[PDB]
There are 2 protein chains.
Amino acid sequence: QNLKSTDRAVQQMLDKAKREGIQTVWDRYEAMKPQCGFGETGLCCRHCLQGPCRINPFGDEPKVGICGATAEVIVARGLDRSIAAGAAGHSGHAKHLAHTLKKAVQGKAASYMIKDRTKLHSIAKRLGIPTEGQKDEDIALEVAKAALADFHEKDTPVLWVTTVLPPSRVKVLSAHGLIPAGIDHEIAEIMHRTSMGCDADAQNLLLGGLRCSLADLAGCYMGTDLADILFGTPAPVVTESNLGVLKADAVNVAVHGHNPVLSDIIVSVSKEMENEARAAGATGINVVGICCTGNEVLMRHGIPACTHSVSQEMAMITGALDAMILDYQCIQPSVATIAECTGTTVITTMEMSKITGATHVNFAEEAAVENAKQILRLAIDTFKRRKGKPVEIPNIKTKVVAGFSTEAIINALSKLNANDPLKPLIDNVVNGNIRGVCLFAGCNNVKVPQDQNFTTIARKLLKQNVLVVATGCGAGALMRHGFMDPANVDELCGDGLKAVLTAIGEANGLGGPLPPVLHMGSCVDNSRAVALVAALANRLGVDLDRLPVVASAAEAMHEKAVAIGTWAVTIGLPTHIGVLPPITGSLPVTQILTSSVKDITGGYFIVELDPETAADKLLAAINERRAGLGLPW
Amino acid sequence: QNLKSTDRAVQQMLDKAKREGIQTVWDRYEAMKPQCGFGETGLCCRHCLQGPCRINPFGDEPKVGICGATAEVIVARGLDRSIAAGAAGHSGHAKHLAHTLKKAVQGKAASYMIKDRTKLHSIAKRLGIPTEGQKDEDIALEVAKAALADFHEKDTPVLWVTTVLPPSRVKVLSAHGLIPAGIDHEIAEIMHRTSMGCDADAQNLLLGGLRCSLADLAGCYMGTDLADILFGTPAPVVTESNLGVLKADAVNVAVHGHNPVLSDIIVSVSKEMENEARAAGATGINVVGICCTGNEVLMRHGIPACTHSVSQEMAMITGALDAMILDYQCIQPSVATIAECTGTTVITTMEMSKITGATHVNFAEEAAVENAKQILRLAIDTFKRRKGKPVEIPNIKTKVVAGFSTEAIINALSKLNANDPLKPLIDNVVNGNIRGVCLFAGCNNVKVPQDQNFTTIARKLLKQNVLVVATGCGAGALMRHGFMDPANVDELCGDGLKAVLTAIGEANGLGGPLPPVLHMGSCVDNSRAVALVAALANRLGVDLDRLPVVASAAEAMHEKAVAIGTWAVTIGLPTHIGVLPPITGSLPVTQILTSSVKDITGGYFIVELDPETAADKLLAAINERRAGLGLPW
Ligand code: SF4
Ligand code: SF4
Ligand code: FES
Ligand code: FES
Ligand SMILES: [Fe+2]
Ligand SMILES: [Fe+2]
């Protein structure tokens, strides 16, 4: 099972699944081998009914699409559509939050409110929305309207791009025509330009992709902004992770998907229903997180993380998961079928994300508490139905310190320098105690033994004094392997990095260091990493493509991860991807993405499947940046 | 060559291409065989980096996607993305026209103006925009703003759906949640819901598809509305079609793509440059049309159609095509390479639609005349470079009577009944002189011998007294085979239909019938057919799903054709498709699309590759509708 997942709790559940004849993602992957080499290389096109078209990577015919589409066009069109799809997910999420905020302040959704007034005001100020002598509700209404306005063309470009990146960066991007006009506008334009008989120049197509990736960035940043206003900006919190956070004597409820609009209410209502749960013979309702929405409630409330990404089915295999409450994105639809074997009640809540065989309970923001109670009562009923049934919860969990929003990080640093909080970080970059910064982001992928890339690369970087920050299922991987436990600083961290983590931790009253890796939150909260890096850029008076900062989507899966990787490149970062995106069938496209894009944005992809080699390449990228700033490395 | 195209001019050019070693779409198709059966059936998914996934249509593993996505989910997601892509094209086109109208009336694009004031006012009235005591420029500004507003969420749904279909139809669609909230909104929502781990219920996914198809309808209708305001509502016009419309002694300039914003100016400026062209040794500039933008200028100005869709390369093979002026959509990128052999100057004009190797001349509406002149001067230079070179223009063309906008049709009918113009049409439906109405729409497809389905089905329906209307490359097929020549009425038409065409024609001063098939314009002008059918529905006090009206995308290719077929189904029409869309890998999806959707919208797909059988099925559909209305059949 170690060949499938490096997580021992997951290995234990794989054995149980095998024993019980429950097919898993790894089994479905095995059944899929060998996968289609045209698809793998990107040399397939189904954009019209003359297809499917393919191009032999090497050899003889077919060499070109039926319409004349070259390998470089077909590869760039496929990639662009993946970016658009990612953008559509992150921005759909953000749009949902924008409508919820609007409803809240118009009196239509009393379960929601402005929880972070300071965040609201700072966002308003960043957007140019006056606050002076204005009601919070009116400021919030204006912020919500601005959010919604960024989805379409108007007299300004997308403000959730132009107001969050330094002017110098916006200038470089504007010069290449890369600033998005509107989020859904760009998504639609990608789908148009990649449809048959339209855009057929690789460079032109890829530039459209870069621009659509910035529309994804805007959706991410908007999502984080709005979730913070509504639900609170995260601060350091201590919790736990892995399957051992499930409790046989509790009603175990997983929140799974992405949007805190749902999970946040689940969390608060679950506390209100403790006595009902105990009436049913449970100790209480034990809310646990899966995927991003688990990250959202972990960051804000310390809700323990059950599992992530590829291993999500394993939570069910325990026999103790009474409910899995879904909104959208990254939910393996297998869960609806597995539920029949495991007894878990899988509940969908969003009109556009249903799964055949799951129970659908519409969740309206206007009736959030009522709908939450309905959902949680299904969970309590399920708990009762497993009275007397043995469960197998692996007794495996890690301690997780998380909640490192950019505000939280700035606050932590301010204990070392009150009026110049970034300076201690920069001081230690300059003196070599911090070599650079690496953001781990994105998914697990069944092709990579689960977590192997994240942990292998993180271990090498931490020993080389890289400050490691993490989001999404990257943060999930690292938390499950102990990288968010400060007790592991001595083992994992180089002396320089240890010194800094310890210094900041001791200044914050901990008597101990910050954790080895800083959990910056969900995938939309990759925007937090952008906020930090942009604040560092502004403080140094240089652009992001001069900073010793890199990203690694070390086990990427979702179209969202492709969009995130692409905007990381577009904002100026060397960006590692540890799975093959479908680009290798075109050398020219690969060359643009891994090399010539440096001349456009300063960032570039690093495609490297071997994690030890990936680490070396990321370190080289970091050190090149150090050299560029005249620093020793 | 008859196995490739039924068009003799195309056959002649195929022989020339073969002789000269110029690879064509048919050669690239042959080189692609056998095509991938997973793609053909829809049983392939590349929506994440765990893929590519496939499902054996029959047999053993793989039976399910890696994430657990079933055949029915994978098929419905693929289809939905095609609908979104189609919607993105038609609506991008419409958006372009909306911005042009806005610029025109704000004084920023003096080459454009309100040409059809009556159309402007009627659209304003339909949208609820007051005109009483308003300047045309201000009304137009409000119409342009309303157009742009339909792309995003607002306090009203998409008005270019809700104001163009009868209330009863809007009610049925609203009841199923099918009315689009915003055009780009829906496009984005499709891309989201079809991304990994989101929507995973075939019925739910397909309903999203139906709704996105109505967003495509809105883009089509908006495009037609705006093009009419800007460039004039078509009226009956006589012209010619096929390769024989090229002239060895003229500068031959093809307008190819979709948007009249470009081609309309090309047409007017070309007339202004006659003396320059003659200075270069040409008789003049001979503008000819390819694809929809050719249809636009044919409908409004009588510009002859050179060719369409699959055979577009053949115009170049003549040796006489001096320029091919492109905007976007349906342009085989092969043209850029073929140009090198044929001498043709291929010119792209839109930022989001470039082709490697083509000359790009940016076309700004603000500088339309200047940019048009630059483009046409490249054409004149090219004409000069072929002085003394033999050309082979097949001496093959047909007479085409076209320009049958819905207003034109209503006007024609009004000569028989001034104050109830639809009544003569309905009278003849009731008495059996007109059996029903069939709209031919959409593309040619290299898989079908070019035009074979259109002409085979049209011939059978016309003999059975079906009133045949046509748009896009369906209209192209039929025009090239003589179906738009009134001299062919005796040969093609049943006695009943002949009687009616003759009656209307003689009432309109022709001394002869209307043509066998009524050309209703470009693909966005499928919206004109909707206007006619909706006016008939309103006049009869019944919904569209009770009318003896069917559609046939007999040789469909583009994602746009899939979107159009899907909205034809959604508005209540039996809708034939003569190529296999990638749905056969899921029986449940096929069953929904061909059967159970009847219970939702009253329309349904008829998938039938055999054109004689397709004709029989369309006739059966028509006659079933007749029976439903209590009429003999
Ligand atoms: S768009 Fe071109 S390459 Fe793609 S399926 Fe159609 S003919 Fe083939
Ligand atoms: S979304 Fe599911 S079926 Fe599609 S490629 Fe990814 S794992 Fe395979
Ligand atoms: S030929 Fe396998 S992905 Fe299309
Ligand atoms: S396996 Fe051929 S279309 Fe994907
Ligand atoms: Fe996520
Ligand atoms: Fe078209």
# chains A, B, ... in the order shown; residues from 1 in each chain; ligands from 1

$ residues_near_ligand --ligand "ligand 4" --cutoff "7 Å" --atoms "only C-alpha atoms and all ligand atoms" --output "PyMOL selection string"
(chain A and resi 36+39+44+46+52) or (chain B and resi 36-39+44-45+52+54)

$ closest_atom_pairs --of "chain B" --to "ligand 1" --cutoff "12 Å" --atoms "only C-alpha atoms and all ligand atoms" --output "Markdown table"
| residue | atom | partner | partner_atom_place_in_ligand_line | distance |
| --- | --- | --- | --- | --- |
| B:24 | CA | ligand 1 | 7 (S) | 12.0 |
| B:25 | CA | ligand 1 | 7 (S) | 8.5 |
| B:26 | CA | ligand 1 | 7 (S) | 10.7 |
| B:28 | CA | ligand 1 | 7 (S) | 9.0 |
| B:29 | CA | ligand 1 | 7 (S) | 8.3 |
| B:31 | CA | ligand 1 | 8 (Fe) | 11.7 |
| B:32 | CA | ligand 1 | 8 (Fe) | 9.1 |
| B:33 | CA | ligand 1 | 8 (Fe) | 11.8 |
| B:35 | CA | ligand 1 | 8 (Fe) | 10.2 |
| B:36 | CA | ligand 1 | 5 (S) | 11.2 |
| B:39 | CA | ligand 1 | 5 (S) | 9.6 |
| B:40 | CA | ligand 1 | 5 (S) | 10.3 |
| B:82 | CA | ligand 1 | 5 (S) | 11.3 |
| B:85 | CA | ligand 1 | 1 (S) | 11.7 |
| B:309 | CA | ligand 1 | 7 (S) | 11.6 |
| B:310 | CA | ligand 1 | 7 (S) | 9.9 |
| B:329 | CA | ligand 1 | 1 (S) | 10.3 |
| B:330 | CA | ligand 1 | 1 (S) | 8.8 |
| B:331 | CA | ligand 1 | 2 (Fe) | 9.9 |
| B:332 | CA | ligand 1 | 2 (Fe) | 7.6 |
| B:333 | CA | ligand 1 | 2 (Fe) | 8.5 |
| B:334 | CA | ligand 1 | 2 (Fe) | 9.8 |
| B:444 | CA | ligand 1 | 7 (S) | 11.7 |
| B:445 | CA | ligand 1 | 7 (S) | 9.0 |
| B:446 | CA | ligand 1 | 7 (S) | 8.7 |
| B:447 | CA | ligand 1 | 7 (S) | 10.5 |
| B:556 | CA | ligand 1 | 6 (Fe) | 11.3 |
| B:557 | CA | ligand 1 | 6 (Fe) | 7.6 |
| B:558 | CA | ligand 1 | 6 (Fe) | 7.5 |
| B:559 | CA | ligand 1 | 6 (Fe) | 9.1 |
| B:560 | CA | ligand 1 | 1 (S) | 11.8 |
| B:581 | CA | ligand 1 | 5 (S) | 11.7 |
| B:582 | CA | ligand 1 | 5 (S) | 11.4 |

$ closest_atom_pairs --of "chain B" --to "ligand 5" --cutoff "12 Å" --atoms "only C-alpha atoms and all ligand atoms" --output "JSON lines"
{"residue": "B:196", "atom": "CA", "partner": "ligand 5", "partner_atom_place_in_ligand_line": "1 (Fe)", "distance": 10.8}
{"residue": "B:197", "atom": "CA", "partner": "ligand 5", "partner_atom_place_in_ligand_line": "1 (Fe)", "distance": 10.2}
{"residue": "B:198", "atom": "CA", "partner": "ligand 5", "partner_atom_place_in_ligand_line": "1 (Fe)", "distance": 11.5}

$ write_last_selection --atoms "C-alpha atoms" --output "PDB file, in the first residue's frame"
ATOM      1  CA  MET B 196     -13.422  17.461 -11.828  1.00  0.00           C
ATOM      2  CA  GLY B 197     -15.368  16.536  -8.720  1.00  0.00           C
ATOM      3  CA  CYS B 198     -18.340  18.787  -9.388  1.00  0.00           C
TER       4      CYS B 198
END

$ closest_residue --among "B:120, B:149, B:243, B:83" --to "residue A:195" --atoms "only C-alpha atoms"
B:83

$ residues_around --residues "residue B:530" --least-positions-apart "4" --cutoff "10 Å" --atoms "only C-alpha atoms" --output "PyMOL selection string"
chain B and resi 164-165+217+221+406+439+525-526+534-536+544+568+571

$ write_last_selection --atoms "N, CA and C atoms" --output "CSV table (one decimal), in the first residue's frame"
chain,number,residue,atom,x,y,z
B,164,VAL,N,-37.8,37.1,-26.4
B,164,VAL,CA,-37.9,36.6,-27.8
B,164,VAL,C,-38.7,35.3,-28.0
B,165,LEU,N,-39.0,34.7,-26.9
B,165,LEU,CA,-39.8,33.4,-26.9
B,165,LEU,C,-41.2,33.8,-26.3
B,217,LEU,N,-28.5,30.8,-27.8
B,217,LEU,CA,-29.6,31.4,-28.5
B,217,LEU,C,-29.6,32.9,-28.3
B,221,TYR,N,-29.4,35.7,-31.3
B,221,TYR,CA,-30.4,36.6,-31.5
B,221,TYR,C,-29.9,38.1,-31.3
B,406,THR,N,-36.8,37.5,-41.3
B,406,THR,CA,-38.2,37.3,-40.9
B,406,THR,C,-39.1,38.4,-41.3
B,439,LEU,N,-36.0,23.8,-40.9
B,439,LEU,CA,-34.8,24.7,-40.9
B,439,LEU,C,-33.6,23.8,-41.1
B,525,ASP,N,-28.2,34.1,-37.5
B,525,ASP,CA,-29.6,34.3,-38.0
B,525,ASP,C,-30.4,33.0,-38.0
B,526,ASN,N,-30.0,31.9,-37.5
B,526,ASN,CA,-30.9,30.9,-36.9
B,526,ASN,C,-31.9,31.6,-36.0
B,534,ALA,N,-41.7,31.7,-33.4
B,534,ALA,CA,-42.3,32.3,-32.2
B,534,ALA,C,-43.5,33.2,-32.6
B,535,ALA,N,-43.4,33.9,-33.7
B,535,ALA,CA,-44.4,34.8,-34.2
B,535,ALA,C,-45.6,33.9,-34.6
B,536,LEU,N,-45.3,32.7,-35.3
B,536,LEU,CA,-46.3,31.8,-35.6
B,536,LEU,C,-47.0,31.2,-34.4
B,544,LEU,N,-44.3,26.4,-29.2
B,544,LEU,CA,-43.5,25.9,-30.3
B,544,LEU,C,-43.5,24.4,-30.4
B,568,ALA,N,-32.4,24.4,-30.2
B,568,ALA,CA,-33.6,24.0,-31.0
B,568,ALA,C,-34.4,23.0,-30.3
B,571,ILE,N,-36.1,24.9,-27.2
B,571,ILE,CA,-37.3,25.8,-27.5
B,571,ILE,C,-38.5,24.9,-28.0

$ residues_around --residues "residue B:220" --least-positions-apart "6" --cutoff "9 Å" --atoms "only C-alpha atoms" --output "list in words"
residues 87, 90, 91, 93, 94, 160, 523, 524, 525, 526, 527 and 564 of chain B

$ write_last_selection --atoms "C-alpha atoms" --output "mmCIF file, in the first residue's frame"
data_model
loop_
_atom_site.group_PDB
_atom_site.id
_atom_site.type_symbol
_atom_site.label_atom_id
_atom_site.label_comp_id
_atom_site.auth_asym_id
_atom_site.auth_seq_id
_atom_site.Cartn_x
_atom_site.Cartn_y
_atom_site.Cartn_z
ATOM 1 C CA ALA B 87 -22.265 29.805 -26.753
ATOM 2 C CA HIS B 90 -21.933 33.209 -30.888
ATOM 3 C CA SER B 91 -22.003 35.443 -27.847
ATOM 4 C CA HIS B 93 -19.661 37.744 -31.926
ATOM 5 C CA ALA B 94 -22.712 39.460 -30.424
ATOM 6 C CA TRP B 160 -32.453 38.073 -25.370
ATOM 7 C CA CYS B 523 -25.721 30.965 -38.216
ATOM 8 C CA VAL B 524 -26.597 33.684 -35.707
ATOM 9 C CA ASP B 525 -29.555 34.267 -38.044
ATOM 10 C CA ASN B 526 -30.907 30.947 -36.916
ATOM 11 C CA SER B 527 -32.398 33.475 -34.488
ATOM 12 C CA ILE B 564 -27.711 25.550 -31.907
#

$ residues_near_ligand --ligand "ligand 6" --cutoff "10 Å" --atoms "only C-alpha atoms and all ligand atoms" --output "VMD selection string"
chain B and resid 89 to 90 256 to 259 290 to 296 308 to 309 328 to 331 441 to 443 471 to 474 521 to 525 558 560 to 561

$ closest_residue --among "B:265, B:43, B:629, B:84" --to "chain A" --atoms "only C-alpha atoms"
B:84

$ closest_residue --among "B:177, B:34, B:21, B:68" --to "ligand 2" --atoms "only C-alpha atoms and all ligand atoms"
B:68

$ residues_around --residues "residue A:55" --least-positions-apart "3" --cutoff "6 Å" --atoms "only C-alpha atoms" --output "list in words"
residues 43, 62, 63 and 64 of chain A

$ atom_distance --atom1 "atom CA of residue A:428" --atom2 "atom CA of residue A:500"
7.4 Å

$ closest_residue --among "B:520, B:285, B:212, B:320" --to "chain A" --atoms "only C-alpha atoms"
B:212

$ residues_around --residues "residue A:400" --least-positions-apart "3" --cutoff "7 Å" --atoms "only C-alpha atoms" --output "list in words"
residues 238, 239, 240, 241, 479, 484 and 485 of chain A

$ write_last_selection --atoms "C-alpha atoms" --output "mmCIF file, in the first residue's frame"
data_model
loop_
_atom_site.group_PDB
_atom_site.id
_atom_site.type_symbol
_atom_site.label_atom_id
_atom_site.label_comp_id
_atom_site.auth_asym_id
_atom_site.auth_seq_id
_atom_site.Cartn_x
_atom_site.Cartn_y
_atom_site.Cartn_z
ATOM 1 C CA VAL A 238 -3.831 24.486 16.936
ATOM 2 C CA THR A 239 -5.649 21.397 15.794
ATOM 3 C CA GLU A 240 -5.058 17.869 14.455
ATOM 4 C CA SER A 241 -5.072 16.009 11.159
ATOM 5 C CA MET A 479 0.117 18.582 7.918
ATOM 6 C CA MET A 484 2.810 21.711 10.841
ATOM 7 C CA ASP A 485 3.982 20.475 14.257
#

$ residues_around --residues "residue A:549" --least-positions-apart "3" --cutoff "6 Å" --atoms "only C-alpha atoms" --output "MDAnalysis selection string"
chainID A and resid 436:438

$ closest_residue --among "B:316, B:569, B:49, B:262" --to "ligand 3" --atoms "only C-alpha atoms and all ligand atoms"
B:49

$ closest_residue --among "B:2, B:411, B:194, B:56" --to "ligand 3" --atoms "only C-alpha atoms and all ligand atoms"
B:56

$ atom_distance --atom1 "atom CA of residue B:448" --atom2 "atom CA of residue A:47"
17.6 Å

$ atom_distance --atom1 "atom CA of residue A:460" --atom2 "atom CA of residue A:489"
13.5 Å
